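Chain nomenclature is as follows: A, B, C, D, E, F, G and H, assigned in order of appearance, with residue numbering initiated at 1 for each chain independently.
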């Protein structure tokens, strides 16, 4: 009975080799006071044809500026300093099984069902460690309550 | 007890690189007044060996002319302008893990079970975002009630 | 328990003889992300004293630009092209039983109870076919959930 | 579960003073093999401002050519020759309470719910006795099963 | 299981200003020995545009010749001399809200359901007091058991 | 509740002595997408007054061109090559007990009740082996669901 | 308790680019009067390293000579002419994700459990559309009742 | 109710071709007296694009120095000398389906749920047999009770 709206926000990010990098998935700012219930994210990263992109999808309050200081580099393990600060709700890994120099274009889709919502003060993040310079076009349809 | 007929319509489409492009799946026009209950679509796209084809299968009334204005480009997210206009019932993604310059020929099959039918005034669409020029030969066996 | 607000929007329209003409009833734009639950519309059309105003109140997604291409002229029948596109929830007819040249001022009121709401992506319309140039002052108190 | 379609057919008829005149309400001929379940007819007759239009809505097989030989003139009574031939399912009367010489434009609407359908071999008729030359624009949305 | 027949008898009567005037509704005489169960009468009186026609529908044995001596003039009250002689089963009133000198044509319809029949020895009457010279075309479909 | 239609198709066939000959019973082609539920066939063969006409009524998919290669000559036995291809649902035999040279005119009627319908892709056949040149006028009222 | 025998029949077929081609899976002919209950087929097609082999496994009576006239080319959709003639019981698709010019050797295995058997008059087919010249070595262990 | 802590320890190991090599997964030594309940390990081995890494995850007391003397070389089978000494709780295999000389970077993730804990005297090991020189960056989030 709550008035739901499924808004779509995209986020383009060209990121370097070992950069653990996170993007907040949230409505476009013109909707404040929301409450994210479901997220359908589909990030289609163009990447080098031998490497991998290990992604995590984490609910946390207190928005994280530095990413390497909260997630470990070669695969996204939540460090114990931000252990209970950061709650993992999504995982995954996109490996490029392609050719020598023809860069692949692989996508991960994930339909996260957030239990008891994520408000505008909390932050739903998608963080990723790649192994080459990738060209993520990460967009997401959030299912907010406003 | 309703008189069912499983008709087969094919649709060839050579489409360019970032073209979000949709085809209506429907009987051949000689059958008006139908009611699509099940669709078995099998699109065998010949495509470049590094790219992907992200497809959506959407039930909507009010036939969509412009596709980029209703679905986002790099993966098919239903924009909030056409949010409740367009109902997603099928998803998927076909990635080309092949060679440098030998173009692959990959197919997606999908047996959509449409709840409470899709009449001739509604429109069942299959829309797809590719990442290179693909040669889709999308055909489909619909299971109409006439 | 949902925070309700009853906002009032007016819409003045002087429309010609056989013009099937529709106005969207919606909040004033400063409230996006609403959900219309009840509408009390009261349109007081000043009209010529021999004619009639046949009105329909229709819930539809996909906002209709051309009105004659979706509703028939002499009384508002939903054409079969937009058959399941357009859902009728209100009807009525205001006839002018007056004098030779003294133009009457007659009003229709309608308290539509919209089942399961009408969001900001759907469009609640009031469409009307008149038979002379009328001077509708159609205002409406919507009962949105924001 | 039967595939329903709501088609709209209009019928313009300018008819003279005491002409008992009937129009078959049926789909447009391009749909044969139908089965009419519901009819929403709305006839907006422009008429002289002192007279009346007494209409009947009758289900009958065996399509009636001569109308005065089956219905009585000053109000539509089914004559005993066609007594069980013709089944009344709708009645009504539109009186013009207007001015001396300013012709009114009055409409009757009727949502007939036909029990157990009306097939294409039966004929649903709307017959009317007027008392002046009227300009009926009788249209109707039938709810056929094909 | 009784053999029913719905016969139609019309009765034209041009009657003067304050004439309380009654017509027997009955089959055409070629059917004796009937038993009237239902009557659908529809009298379309053309009348002067300021006056009224107050009608009563009365079951009585002993056919009434003089009408003013059994019903009062300005509205049809059954006088106490013929109090239990005359049983009222239908009432009504047709008022002419029209113009100065353009005579209206207004009709009353009444579907009387006679309890336990009216035989050919009883008399079902429709009596009316007008207030100007009217041009009643009173016809009726009776539902006799023969 | 399915819209039924009882259409009548006739088929004239003058066939020779030992010709096992079959006619498809089906609607006239203007109705595609049907579903035959009941068939009332009545074939009135004029025949020589000493011979017999042994007929079979068979439901089969895959329309049979050659008849002797599926049914045996002197009485219609379904050969084992088309054993499960052809399902017998009607039998019979019309013998001519007449005169030396006065050719009789004998008819067989059969009201086949097809279980779970026969669609337009299946074929209901009536096949017959005669013993002289007969003049069959085989007509049939099918009871299709369209 | 029925005497079962699991016989093995192989079928070598080198077939061209867009050839929809079908092989009957059946015992070797020395066993007539069988009843196929289970089939374990394993076809190891050597094929070009970019293409696909879309196969269908279909139970039908009336053995099909022409394959393109019953199945559509780019993916095996059963055409509506042979709609109820041909019953699909197995599907699948073998894609070659290999190298430029080193031809792969990929196999599909399928253990079809045929409900209520397939006799020697019916025909169990495996039909396949390839996209290059393939070298199928399709063999199958059928589980007949004789 | 036991005080849980999820600590993250990484272990980099560049290991040669047929080296069965094991790493103890354990907290960093500053936490003694722990009790490992859950382990989320994610090892992202960069490896040659034709080979495989077969890994085992084994709970054992008595820390193993020599690895080839407890696990067999070409796939990790627990030898019968250390049969009940070593308890397997995790398995898996990472194959490199890539290119000629472009080394892939593939990861295995495993969320081991250790029944009744693993204390600091026991040793949870992850052992792996590769087939080329790999560059494992094996890190792990253990879920200890201190």
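FYI, a contact is a pair of C-beta atoms (placed from the backbone, for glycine too) under 8 Å apart; a residue touches a chain by one contact, two chains touch by 3 or more.
A.B. asks: Hey, which one of D-E, F-G or B-F is the same interface as B-C, over half the contact pairs lining up?
C.D. replies: More than half of its contact pairs match B-C, so it is F-G.
A.B. asks: Between B-D and A-H, name the chain pair that shares the greater number of C-beta pairs in contact.
C.D. replies: Most C-beta pairs in contact, of the two: A-H.
A.B. asks: What's the distance between the Cα centroids of chain C and chain F, rounded to whole Å?
C.D. replies: 61
A.B. asks: Compute the distance, rounded to whole Å, between the mean C-alpha positions of chain F and chain H.
C.D. replies: 77
A.B. asks: On a C-alpha centroid basis, what's the spacing between chain A and chain B, in Å?
C.D. replies: Between these chains, centre-to-centre, one finds 27 Å.
A.B. asks: In whole angstrom, what separates the CA-based centres of chain A and chain F?
C.D. replies: Here chain A and chain F have centroids separated by 69 Å.
A.B. asks: Show the residues in chain A shared as contacts by 2 or more other chains, in ascending order.
C.D. replies: 5, 49, 97-101
A.B. asks: Please give the residue numbers of chain H that touch chain A in the complex, ascending.
C.D. replies: Result: residues 5-8, 10, 40, 42-44, 46, 49, 97-107, 109, 137, 139-141 of chain H touch chain A.
A.B. asks: For a test of understanding, state which residues of chain B touch chain A in their complex under the given definition.
C.D. replies: 49-52, 54, 72, 74-80, 83, 91, 93, 95-101, 131
A.B. asks: Touching residues of chain D toward chain B in the complex: what are they?
C.D. replies: Its residues touching chain B are 1-5, 30-31, 146.
A.B. asks: If you look only at chain G, which of its residues touch chain F in the complex?
C.D. replies: 61-62, 80-85, 119, 121-122
A.B. asks: Quick check: in the complex, which residue numbers of chain C touch chain A?
C.D. replies: 2, 32-35, 117, 119-121, 145-146
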